[PDB]
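Read through the structure below, which is laid out as structure tokens, and then see the notes.
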Amino acid sequence: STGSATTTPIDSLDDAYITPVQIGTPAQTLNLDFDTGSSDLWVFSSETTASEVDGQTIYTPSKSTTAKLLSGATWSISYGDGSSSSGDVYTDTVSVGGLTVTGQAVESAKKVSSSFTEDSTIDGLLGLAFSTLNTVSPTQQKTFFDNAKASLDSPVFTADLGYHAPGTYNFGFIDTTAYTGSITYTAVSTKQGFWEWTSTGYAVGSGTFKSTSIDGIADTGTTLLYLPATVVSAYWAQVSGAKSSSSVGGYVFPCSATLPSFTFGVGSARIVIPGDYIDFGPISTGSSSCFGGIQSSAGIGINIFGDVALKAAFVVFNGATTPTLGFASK
């Protein structure tokens, strides 16, 4: 089997991407944030505290003939941005882009933090990291991908995120029309439950490539590119007037700037992030200070190849017995 679904930016900054997902019988379609940095499929629901729902579409398990309470199971998750959610668990039929999993754990939110409430466009998350990070207790649950894997034509999914445009998540096949040149594969460590890999270095603009190992995660659920302070300083040093602002919470730059590109290494291959991808616009409405899309990972504890990086590539998440990650230009 295979699946193919379009993913769409939630706003003009590509802050996140939503993908329609069919849950239950008859289908209830919710727009979920596919997150390769976590491993829970959770939804706004008929059980979510009413004051914490503001425009989201909810899953109502009582209206699904295939929903079953997973008795005794609870979940609770905290994300890197400080947001959180928790609740109980149903199993139900879940389909993405024509690919169906029966008996998927659908985690129903009883509580969500303010960041989720305030984002009316995101009806929940669909985790695509390794199932060892799943938070359901006392019986840990599998991700949608893990459950689908045995039925897939090939044990892979791909992320093809757009810059200010829709893109695609495919399951079970590699669309050879979706990228240019060849795909370069690189080793993954699953030790921390992430799609963790080592970039071979970087360049700023038209500068020389610096060969240096940068361990980090491929994380579709993180907006920006978070890299070591040394790398980030070298980037922003090439932008007149750019500075790190503790009051704003990262690097800012004059909105009048033209940003240089940023290149990262994948083995001997190179992925180029255009300068425009690194512009996250005014820090507040009407400001002439703009927020940078490359930020320091210092104090996160991990480097994160978020959407800023991933949307510059066609990315293969290879869930074969020995997992790997592939990157191609597009």
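Using the numbering of Swiss-Prot, the residues shown for chain A are 90-419, in order.
When the header is checked for method, it gives X-ray crystallography, 1.2 Å.
Note: Cβ is positioned from N, Cα and C throughout, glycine not excepted.
The active site feature in Swiss-Prot is assigned to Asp124, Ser288. The disulfide bond feature in Swiss-Prot is assigned to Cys344-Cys379. Taken from Swiss-Prot, the feature domain 'Peptidase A1' applies to 106-417, supported by sequence analysis.
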Look up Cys379 (disulfide bond) in the DSSP assignment and reduce it to helix, strand or coil.
strand
Recorded positions clustered about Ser288 (active site) [Cα within 10 Å; pool: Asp124, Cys344, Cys379]:
none
Other C-beta atoms that fall within 10 angstroms of the C-beta of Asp124 (active site)
21
Give me the non-local Cβ neighbours of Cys379 (disulfide bond): same chain, 6+ apart in sequence, Cβ-Cβ under 8 Å, ordered along the sequence.
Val341, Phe342, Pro343, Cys344, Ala346, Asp368, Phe369, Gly370, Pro371, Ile372
Tell me the Cβ neighbour count for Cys344 (disulfide bond), meaning other Cβ atoms within 10 Å of its Cβ, over all protein chains shown.
15
